[PDB]
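Next up is one chain by itself, shown in structure tokens, the form deposited in one PDB entry.
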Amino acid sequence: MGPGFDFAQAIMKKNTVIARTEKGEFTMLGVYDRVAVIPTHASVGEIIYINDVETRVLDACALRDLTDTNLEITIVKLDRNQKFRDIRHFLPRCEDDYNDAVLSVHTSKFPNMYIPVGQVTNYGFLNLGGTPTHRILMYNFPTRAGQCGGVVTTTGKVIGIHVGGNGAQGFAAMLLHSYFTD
């Protein structure tokens, strides 16, 4: 409907796949080459389904900060025959607050879904499902089951992936450029 939805659409149409694990279907952001991200609670194993194709997992790393605290981001390298468009230049370098974000989801349950979530707070610490978690972004939208893995963007920046909510607020794990240096 406007330039925020324009940027979100451009990321969804080229840099997302539908990931299925034994814990369900997730929006999965591809970042560069065969490297993607997914919430750590998806519990990635040795085999994952990508757009309903059986795919070997070459590597999966659940990220933690240097306090050894959960970040709720898993970086997955896929044995896929095709590379993602490199979007690492759209990743923020530091922790920040944002205005006017969009949360975008694409699954069997929620295809082509875009949510204007408004102001994004650098929330920091969250007890997420009983797990202490750092680098959490918060937005005042009542997000629902089916939205985990959703991509959070502003105009020109890919800032996080949706990892939970409390019925009134939604929570994303930050994406930082430093997670994807090769």
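The first residue of the shown sequence is 1; numbering continues from there.
One more form of this protein exists, namely the form solved in complex with a small molecule; it is left out here, but the text below deals with it.
Chemist: Using heavy atoms and a 4.5 Å limit, would one call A101 a contact residue for the small molecule in the entry with it bound?
Modeler: No.
Chemist: Is there a non-hydrogen atom of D59 within 4.5 angstroms of a non-hydrogen atom of the small molecule in the entry with it bound?
Modeler: Within the cut-off, so yes.
Chemist: Although the partner isn't part of this model, could you tell me whether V35 comes within 4.5 Å of the small molecule in the entry with it bound, counting any heavy atom of the residue?
Modeler: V35: contacts the small molecule in the entry with it bound.
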